[PDB]
Amino acid sequence: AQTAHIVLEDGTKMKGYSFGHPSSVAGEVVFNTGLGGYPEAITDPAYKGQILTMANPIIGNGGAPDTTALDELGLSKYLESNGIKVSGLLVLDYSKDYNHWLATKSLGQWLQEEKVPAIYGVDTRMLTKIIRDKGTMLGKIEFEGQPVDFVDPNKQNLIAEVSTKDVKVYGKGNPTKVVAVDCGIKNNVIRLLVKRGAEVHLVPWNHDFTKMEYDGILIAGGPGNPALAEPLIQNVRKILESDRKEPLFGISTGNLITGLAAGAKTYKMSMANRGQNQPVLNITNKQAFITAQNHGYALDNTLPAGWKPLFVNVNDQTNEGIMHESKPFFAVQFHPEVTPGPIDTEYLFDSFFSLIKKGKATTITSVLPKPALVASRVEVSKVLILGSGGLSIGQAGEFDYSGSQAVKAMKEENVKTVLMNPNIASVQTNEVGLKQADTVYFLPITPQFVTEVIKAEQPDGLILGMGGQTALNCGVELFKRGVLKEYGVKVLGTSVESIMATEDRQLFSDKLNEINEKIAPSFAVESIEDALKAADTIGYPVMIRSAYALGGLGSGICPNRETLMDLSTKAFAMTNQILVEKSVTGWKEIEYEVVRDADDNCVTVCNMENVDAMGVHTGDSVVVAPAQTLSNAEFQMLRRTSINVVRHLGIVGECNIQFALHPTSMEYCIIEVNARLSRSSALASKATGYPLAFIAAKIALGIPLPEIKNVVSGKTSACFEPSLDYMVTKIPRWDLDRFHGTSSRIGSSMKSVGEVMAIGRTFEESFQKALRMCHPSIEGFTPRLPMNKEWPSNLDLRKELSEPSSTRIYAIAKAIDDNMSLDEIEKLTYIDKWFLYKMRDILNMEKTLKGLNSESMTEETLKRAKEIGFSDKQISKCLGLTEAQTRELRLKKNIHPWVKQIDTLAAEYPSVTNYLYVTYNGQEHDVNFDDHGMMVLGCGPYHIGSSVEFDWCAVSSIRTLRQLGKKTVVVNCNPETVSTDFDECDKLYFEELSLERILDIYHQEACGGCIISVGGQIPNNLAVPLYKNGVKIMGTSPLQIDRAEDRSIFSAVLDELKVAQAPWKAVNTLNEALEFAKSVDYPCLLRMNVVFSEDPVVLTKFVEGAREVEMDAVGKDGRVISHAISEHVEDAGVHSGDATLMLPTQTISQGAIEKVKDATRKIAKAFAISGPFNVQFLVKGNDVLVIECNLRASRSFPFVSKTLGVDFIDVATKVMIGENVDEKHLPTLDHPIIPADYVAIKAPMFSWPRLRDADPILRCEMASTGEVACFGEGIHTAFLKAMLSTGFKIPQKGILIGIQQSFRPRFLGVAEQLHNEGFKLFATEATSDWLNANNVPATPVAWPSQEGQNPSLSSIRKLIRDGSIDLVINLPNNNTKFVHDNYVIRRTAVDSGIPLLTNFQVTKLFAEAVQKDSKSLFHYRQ
Ligand SMILES: Nc1ncnc2c1ncn2[C@@H]1O[C@H](COP(=O)(O)OP(=O)(O)O)[C@@H](O)[C@H]1O
Ligand SMILES: Nc1ncnc2c1ncn2[C@@H]1O[C@H](COP(=O)(O)OP(=O)(O)O)[C@@H](O)[C@H]1O
Ligand SMILES: CC(=O)N[C@@H](CCC(=O)O)C(=O)O
Ligand SMILES: [Cl-]
Ligand SMILES: [K+]
Ligand SMILES: [K+]
Ligand SMILES: [K+]
Ligand SMILES: [K+]
Ligand SMILES: [K+]
Ligand SMILES: [Mg+2]
Ligand SMILES: [Mg+2]
Ligand SMILES: [Mg+2]
Ligand code: NI
């Protein structure tokens, strides 16, 4: 394929691939930061003579429209002039393949027809930074054998080259005569005039209009130095010097011509204004507007008498408008007709027409919109902020991140802050730093406790928009009850009224109907009977979605009556109102993040295109940013609707809005608005570098957007809409294999436990990184499943495609491979074909590479493979090499990635921060590598067993390094984390946590070292590979980490040290297994799974009736210098992470503690530990056995650290980098710190209702999704507070009890106790006979499998529904007889929303604790 260069006059040269007309051309090189509307854009007459450099790296997605179709006025239907006006085009990536309902050909074919050169494959960012602020960069697209000289088209009057040669009329017959002086007018100026009643006489630029009859005159244009248009400047001057008073309205060139006619100077700007995100302020009334501009000359701000500036540019203070003080003459420097751009200043046409109609020398100011809000700063001295509580599916760490930004904002403005969050693992809840509240309460986020806090703290402000639905619902309940009014607590930001209007689906409908906005046929109902009615009126299929919820709780598609019955019943256990709505499954799902301040300035900060269509929850969807398959008309229609809706709803702060867009028309539906920070705002903040929560919080104090700094640029405001010169992809992470009852299908109700975000400058690059980030077993986009699972032999590939699931991406790969047409895949998946083209490109590269080897693969091919996201591992498998070999081969050809900044403005202004990503699609680095900082690796996506605790550890380490004056480099790919907030470190790489990429970054920075022990499993598993590739690992040697993860070495070490452990053995045979299990007695663990009977694999003696103890510790040179021991409530057999933890220990013998300590002393020494680690122990009397050792921070490190008032990670970080440490006050083995006056309890969080049909029962594999912790004078109090913090609700009614027979001896007393506390008891058959035989009264109930077979017995479903039963106790074990029946009982409780207890110890402790406050850690530490 044919190449060509872009050559600039300063020597820069870049080789591109030609996609336009293969011929050379010379002009002024410029750049424009607008991301969409390339077809409209390239037909702008302002680009005459110019070589355009596109910020958007991905160009051509929608091909080109009908370029010959006219409208009924005789103007181009889809374009802004009669043809392409750029002399040439420069992009990074060209989509040869396109997909849009209005596309009639590729953009390259269009370019070829119009004889316009175009090349792709050039670093448009580098170009931009070179052009930036040089006034005039000349360049040329030069083809081989076609030399051209540099030329400056500005030496010509370009106005004349693009003006009409004779007078043309549009709106023939219309009442209002408007002369339009054509200086390169865009078509939409004409459309907007005619639509308002004008007959438009379009006249050449040198036409003598001065004695013509007209009712108004307009002057519009784009290209050229206006000073070269003397005939015209003269003519306009004659008008101004006369007595004529016809309103005059100037656009862009018009501003400059009119200024010149009046007597002002113009100048060529060194930094032009070219974009769709250019902020202007109306001087007069302080209203701000986002504008499209495309001008390189500007008016000097010194104007003659009678003329005043109207608009100013908020970035650079240049003029953007003028007005006469008494006559109806005005001009704007920007394009209110946009196309492309934001439809925010179209009112200027209405204003013009009002000047004509009033016609008595009315003034420009008198007909301009008056401010609808006047931002007065709210006075607040103390604010309460609410957290989400424990993490759960759909309500994850995004709020830790948001709420930390909010506190920072509050502190900057001298506002005292109180935080409530029982999530002890949150970074939010730390004591130290600019993001930490002055006071922290670890308590339930429920009205009972928030009231107590309010009373005690007497705050005057409340932030309820940064804790998900928990905080929202709590705040609305407080409001409804008048608690806020009662204690004088103002809701800061969006009002409870606006909130209710977005959370109640009916009120939402009412609001949008008030402004005749577009929604789908629907009815909000409050009963199952009413839902059935609604569905019959609307017609099946229908979607139901709940009020006062997020993440699709209780939602679902209903193809029929019976599905609707099942789902609405379940929905009503969790909300009071559902919306029953006509299905728009398959429409494109589009999100916007919207900001609105108290001055009524309102912008869309980000927009996201969901790759999975409507019907798969945004949260369980692949999502790209910015959008890729919208037209300017689509994108701007939805943007402007967002702004209207958000305005009408009274929202002040930030919010998220969702649309369904018809895939082949302009039809759309507004689905919901989330008037609060969200998982979507977190993502958008990371994608754009715009900190939405920080901004939201400043706005909540009445500071308007123009007065808030863009911290990234350091020189501009937050009144703008970022420009991305890269694309981000977010993919969810699911963990479903362990929940046997739950399918891996996905739909309207979230099931994902985490997410990743990758950045690239091609879809393919961004996309394959993001897939690798989700799980270490995923290599990129391949037709192979994760976890090395084989495809089923009974696979129905069409079914997989048509029914979304956690693995559909790979099923698409497979289908493309197996030669299914792209058209049929789009038809079944609903995924826009454009995205499918990219996927096919990826698989073609795989085919190509498979036919090559280390000798046969060329440099051109390798480079391309990397540019579309292939890792060295993927390549290695094609070539027949190892990964190391392939890395070597690549570097040998000097093919490496480049380091680029996110600056929010696609290089318009440089970044003062270093928020970074890495890409193969560039020709330079955006930063230096002189720091040689200390690298810290983060956790990756959250998943079960790996949550925000590992962000806590990482952030603690990052903060410790900063506090010690050390340069830091962070790598993490989780958008929800505070570790991926750029203000925490010197260099944040939002990047893959692969060996490949860490090596890339380490070696590129020449980092002084790397800390791999504070981000869980991912970084720790890289310890040895890193070691071997020249990386300096801080702390405990990777050789020691290997030794310790080697079960055989570890065990032999323990034998040497005389430290006990459970008998174990690795086996290959069933007979070895059975022999061993026989030799130690059943039960046995199996590697996870336990077995109790006869009816390679590691086997371990399962020790029954055993306590479990955690040792969390820090080593220095093999000595332990901080430690903490906690006891689980539950016996060994419940996994650590599902366990409830007590600190300090409660029932452990003092001799066992001594053994735990001695075993930890020896282990630390044997593995020369310098850093954090953990050891887990079985304890039975004085027998102390080691279960496992982890040579890294454990998930209980936050709990332990905060509880004991010592940052274990601060200590450990200082050890690892050789900083000094005073051990006097640390909890060494010799002087532990043991709380005397209080106890701490950590409880696990679960997400059973969202894991449809899952058996809510603890296995040896872990199931919890988060944690809370609370404190108390004793264990009962602390335990009750912890449990309430999980959502557990103390029963007020009857308790259902069903237990396996063997629990009877121990349970009798638990039951008597519950009875003596006054709880009416219900029980399953045998359990009820037994209780009554022991004089504990119980009412028997029927088994679910036997309902109707005995009329003396009530069904459990009915007793729950009736409200007779509001706690279920179900205690199965291995000898449970009625396995299914008891499963049904357990799942019934979950799906009815009543608490369920399935562990005996937890149940015992509960009973003891109900036998009988609002304090927190800081109380007890005093
Ligand atoms: N009318 C509909 N037809 C098909 N899918 C829908 C419809 N309405 C909503 N959805 C899907 O359900 C998801 C959840 O709906 P939403 O109204 O966003 O509730 P939540 O606040 O719980 O996320 C949406 O993102 C979308 O994928
Ligand atoms: N020998 C044993 N007897 C009884 N329970 C055990 C035994 N070993 C492990 N368990 C249980 O299984 C859980 C997981 O064991 P662990 O070795 O920590 O696995 P993981 O690799 O998932 O961390 C433990 O926390 C404990 O409750
Ligand atoms: C949970 C459990 O194991 N229940 C008992 C049933 C005892 C009863 O009849 O109440 C069982 O053996 O299935
Ligand atoms: Cl852990
Ligand atoms: K979606
Ligand atoms: K909502
Ligand atoms: K959303
Ligand atoms: K499953
Ligand atoms: K090969
Ligand atoms: Mg929502
Ligand atoms: Mg939603
Ligand atoms: Mg473990
Ligand atoms: Ni300007």
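Regarding how it was determined, this PDB entry cites X-ray crystallography in its header, along with a resolution of 2.6000 Å.

1. Examining the site of ligand 1
Lining the immediate surroundings of ligand 1 are 22 residues, of which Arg545, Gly552, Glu581, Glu589 and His617 lie closest. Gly615 places a polar main-chain atom, nitrogen or oxygen, 3.2 Å from an oxygen atom of ligand 1. When the free accessible area of ligand 1 is taken as 550 Å², the share hidden by the protein chains comes to 99%. Of all elements in the fold, only β27 (542–546), β29 (578–582) and β34 (668–674) reach the threshold of two or more residues within the shell around ligand 1. Classifying every residue of the shell around ligand 1 by side-chain character gives seven nonpolar, nine polar and six charged.

2. Here's the deal with the site of ligand 2
The local shell around ligand 2 holds 18 residues, among which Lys1101, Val1103, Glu1108, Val1134 and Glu1188 are the closest. Within the backbone of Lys1101, one N or O atom sits 2.9 Å away from a nitrogen atom of ligand 2. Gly1133 places a main-chain nitrogen or oxygen 3.1 Å from an oxygen atom of ligand 2. Here ligand 2 has 560 Å² of accessible area as a free molecule, and 85% of this is covered by the chains. Those elements giving two or more residues to the shell around ligand 2 turn out to be β50 (1171–1180) and β51 (1183–1190). Considered class by class, the residues forming the shell around ligand 2 number ten nonpolar, four polar and four charged.

3. What about the coordination of the magnesium ion (ligand 11)?
A metal bound by six donors in octahedral fashion has ideal angles of 90 or 180 degrees, whereas one bound by four tetrahedral donors has an ideal angle of 109.5 degrees. Coordination sphere of the magnesium ion (ligand 11), protein contribution only: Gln658 (OE1) and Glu672 (OE), at 1.7 to 2.2 Å. If you look at the magnesium ion (ligand 11) and the potassium ion (ligand 7), they sit 3.8 Å from each other and are both ligated by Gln658. Of this pair, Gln658 sits in strand β33 (residues 653–661) while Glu672 is found in strand β34, placing the two residues 14 residues apart along the sequence. Note on accessibility: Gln658 and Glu672 belong to one class, buried.

4. Focus: the coordination of the potassium ion (ligand 5)
Every protein donor of the potassium ion (ligand 5) is accounted for by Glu589 (OE), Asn610 (OD1), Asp612 (O), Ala613 (O), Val616 (O) and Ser621 (OG), and the metal-donor separations fall at 2.6 to 2.9 Å. Here the potassium ion (ligand 5) binds six donor atoms, and the angle range of 65 to 153° at the metal identifies the geometry as irregular. All donors of the potassium ion (ligand 5) belong to a single chain; written as a sequence motif, their spacing is E-x20-N-x1-D-A-x2-V-x4-S. Here the residue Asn610 occupies a position in strand β31 (residues 602–610), and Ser621 occupies one in the loop between β31 and β32 (623–625), the gap between them amounting to eleven residues. Overall, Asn610 belongs to the buried group, its relative accessible area being 3%. A residue is classified by how much of its surface remains accessible, and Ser621, at 0% relative accessible area, is buried.

5. What to know about the environment of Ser744
Mapped onto the fold, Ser744 is located in the loop between β35 (727–733) and β36 (754–760). Take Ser744: its relative accessible area is 31%, and that puts it in the partly exposed class. Remark: the alpha-carbon pair of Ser744 and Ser806, spanning 62 residues in sequence, is separated by 5.6 Å. Every residue in contact with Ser744, bar those within four places of it in the chain, is listed here: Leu736, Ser805 and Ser806.

6. Points about the sheet that holds strand β26 (residues 522–525)
Pairing in this open sheet of four strands is antiparallel, and the strands run β26-β29-β27-β28 from one edge to the other. Since the sheet does not close on itself, it has two edges, and those belong to β26 and β28 (556–558), each with one partner. Each strand of the sheet is rotated relative to its neighbour by a mean of 25°, with strand direction disregarded.

7. Comments concerning the packing of helix α10 (residues 447–457) against helix α11 (residues 468–481)
When two helices pack together, their arrangement is given by the angle between their axes and by how far apart the axes lie. In contact at an axis separation of 10 Å, α10 and α11 are set at 70° when each is read in the N-to-C sense. With respect to each other, α10 and α11 are oriented roughly perpendicular. Facing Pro447, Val450 and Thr451 of α10, the residues of α11 in contact are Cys474, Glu477, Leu478 and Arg481.

8. Digging into the nonpolar core
Grouped together as the largest cluster of nonpolar side chains are 206 residues, with contacts concentrated most on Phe767, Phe781 and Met935. Counting residues per element, this core draws most heavily on helix α24 (residues 833–850), which supplies nine residues. Excluding its chain neighbours within four sequence positions, the residues that come into contact with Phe767 are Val622, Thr729, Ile731, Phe781, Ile809, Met839 and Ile842. Residues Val1129, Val1336, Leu1371 and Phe1400 belong to the second largest nonpolar core, which totals 40 residues.

9. Quick look at unusual backbone geometry
Omega for the bond connecting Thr339 with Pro340 falls within 30 degrees of zero, at 0°, which places this linkage in the cis form. Along the chain, the position of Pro340 falls in the loop between β20 (329–332) and α8 (347–358). Cis geometry is adopted by the peptide bond preceding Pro541, which originates at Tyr540 and carries an omega value of 5°. Topologically, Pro541 is positioned in the loop between α15 (528–538) and β27. You will see that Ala1006, though not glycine, has its phi angle at about 50°, which is positive. Along the chain, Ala1006 falls in the loop between α29 (995–1005) and β42 (1009–1011). One non-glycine residue with positive phi stands out, namely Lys1058, at about 60°. With respect to the helices and strands, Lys1058 occurs in the loop between α33 (1047–1057) and β43 (1064–1067). A residue is classified by how much of its surface remains accessible, and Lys1058, at 71% relative accessible area, is exposed.

10. Some points on the domain arrangement of the protein
Per the domain assignment, the segments of the protein are domain 1 (728–898) and domain 2 (1250–1411). Using C-alpha coordinates to define each centre, domain 1 is positioned 45 Å away from domain 2. Every contact between the two is made by eight residues of domain 1 and, on the other side, eight residues of domain 2. Summed over both sides, the interface between domain 1 and domain 2 buries roughly 690 Å², with carbon and sulfur atoms accounting for 54% of that surface. Its largest share of buried area at the contact with domain 2, domain 1 owes to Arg738, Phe739 and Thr742, together 59% of the area lost on that side. The interface formed by domain 1 and domain 2 holds one salt bridge in total. Put simply, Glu1261 and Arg738 hold a salt bridge, and the shortest N to O gap is 3.9 Å. One can count four residue pairs in polar contact joining domain 1 with domain 2. Its residues assigned to classes, the side of domain 1 that touches domain 2 comprises three nonpolar, three polar and two charged.

11. Digging into α15
Those residues of α15 that fall on the buried side of the exposure criterion are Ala531, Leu532, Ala534, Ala535 and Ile538. Each buried residue of α15 lies within a common arc of 165° when the element is viewed along its axis, so the set occupies one face. The exposed set on the far side of α15, more than 90 degrees from its buried face, consists of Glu529, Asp536 and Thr537. The N-capping residue of α15, defined by a side-chain oxygen 3.4 Å from the backbone nitrogen of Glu529, is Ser527. Two residues or fewer after α15 comes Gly539, characterised by a positive phi angle close to 95°.

Rules behind the numbers
Residues numbered from 1 in each chain as written, not as in the entry; some residues may be left out. Chains lettered and ligands numbered in written order. Part of a larger assembly, values for the part shown. Heavy atoms only, no water. Near = heavy atom within 4 Å. Polar contact = N/O pair within 3.5 Å; in protein donor to acceptor, adjacent residues only side chain to side chain. Areas by Shrake-Rupley, 256 points an atom, 1.4 Å probe, with all protein chains shown as cover. Helix = DSSP H or I, 4+ residues; strand = E, 2+ residues; numbered from the N terminus. Nonpolar A, V, L, I, M, F, W, Y, C, P; charged D, E, K, R; others polar. Donors = N, O, S within 2.8 Å, 3.2 Å for Na, K, Ca; no water. Buried < 20%, exposed > 50% of the residue type's maximum accessible area, 1.4 Å probe, protein only. Tetrahedral: all angles 85-135°; square planar, octahedral: opposite > 155°, others 65-115°. Contact = heavy atoms within 4.5 Å. Pairing = 2+ DSSP bridges. Axes fitted to C-alpha atoms, helices over the stretch in contact; angles between N-to-C directions. Parallel < 35°, antiparallel > 145°, perpendicular 65-115°, else oblique. Core = buried A, V, L, I, M, F, W, Y, C linked by side-chain atoms within 4.5 Å. Domains from an automatic or database assignment. Buried area = accessible area lost by both parts, 1.4 Å probe. Salt bridge = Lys/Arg side-chain N within 4 Å of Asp/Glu carboxyl O. Arc of directions from axis to C-beta.

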